[PDB]
């Protein structure tokens, strides 16, 4: 029994029947506080496109009942005897993964988001063999290595999507030098990840073009986010005039799309950084890749030290997501709106004020 598997009671919303994807009230339990654990009372949980893909039953390996949500901002209500960096009552946030092997090269050099055995935010077994429950719940318990200190100046709700969308965009750009004035960057897709890529790029001084198939988004892209230009990808005239003009492109789309027009936008030796995860494979245009000497680079989240640095950057430059704050019992309707793209640009669930037991 989920309410009997562990000693401390907990509750949230869960997809009980994977074939419908409907979340409903759900009681379970969480492990006791180990020596290095932090109990977190959850304030806000962001909703990302991976949550939606999970509720659409598109990830076979996940276990159900599924409690998704992996953009958690909360309060530490309890720390184990060996926690010293975080005091009870502090505002904290959780990384988009919950553990690593602790022994490989990535873990030992604090690049642990690339551990081959990274434990994702929910739906798979933790080190103690039990399935992980995510942020659509009242409280969570996390090993202190994966708990960040949340800056006092950052809106807890507006900053919650920095914990997976923001860090993915921030890290991709920091690791590949796309954070310096003089770089011309393309951002493909203007959803949660894309709109945060535009904000971080502006704060670095990067010149940014948004590349989109939705012309109604030109106005938000230029006026709201500060993009230097808007490229309608279906307009062959604009596409040909941008050939060879980008140093890098950050591709955030969750659907299958052609890669070669994107490679033709790159100058020689430019990088196409892939951070979205389409559920179907893409075609590798070999001659454009070879002849331009171009690179396809994958990137996922960021390591926990980079995430702390990202949060402190976001607090100093007032970088938050554009959010709609929702009650938990709206989550099923939000999923539909997220599926249609009717959100500008992030849902954030107010857990503390709107979740109650089943």
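Numbering follows the first chain given and starts at 1.
Between the two ranges 277 to 285 and 74 to 82, the one averaging a larger CA B factor in the entry: Averaged over C-alpha atoms, the B-factors run higher in 277 to 285.
Quick one: higher average CA temperature factor, 234 to 242 or 200 to 208? Between 234 to 242 and 200 to 208, it is 234 to 242 that shows the higher mean C-alpha B-factor.
From 166, 261, 189, 123, pick the one with the largest CA B-factor in the entry? Of the options given, 261 has the highest CA B-factor in the PDB entry.
Kindly indicate the residue among 134, 159, 194, 215 with the greatest C-alpha B-factor in the PDB record. Highest CA B-factor of the listed options: 215.
Sorting the chain's CA B-factors, does residue 18 end up in the lowest, middle or highest third? Middle third - that is where residue 18 ends up once the chain's C-alpha B-factors are sorted.
Using only modelled residues of the chain, where does the Cα B factor of residue 172 rank: lowest third, middle third or highest third? Lowest third.
Relative to the other modelled residues of the same chain, rank the CA B-factor of residue 32 and answer lowest, middle or highest third. For residue 32, whose C-alpha B-factor we compare with every modelled residue in the chain, the answer is the highest third.
Please say which third, lowest, middle or highest, residue 99 falls into when its CA temperature factor is compared across its chain. Residue 99: CA B-factor falls in the middle third of its chain.
Quick one: classify residue 8 as lowest, middle or highest third of the chain based on its Cα B-factor. As the PDB entry reports it, the C-alpha B-factor of residue 8 lands in the highest third of its chain.
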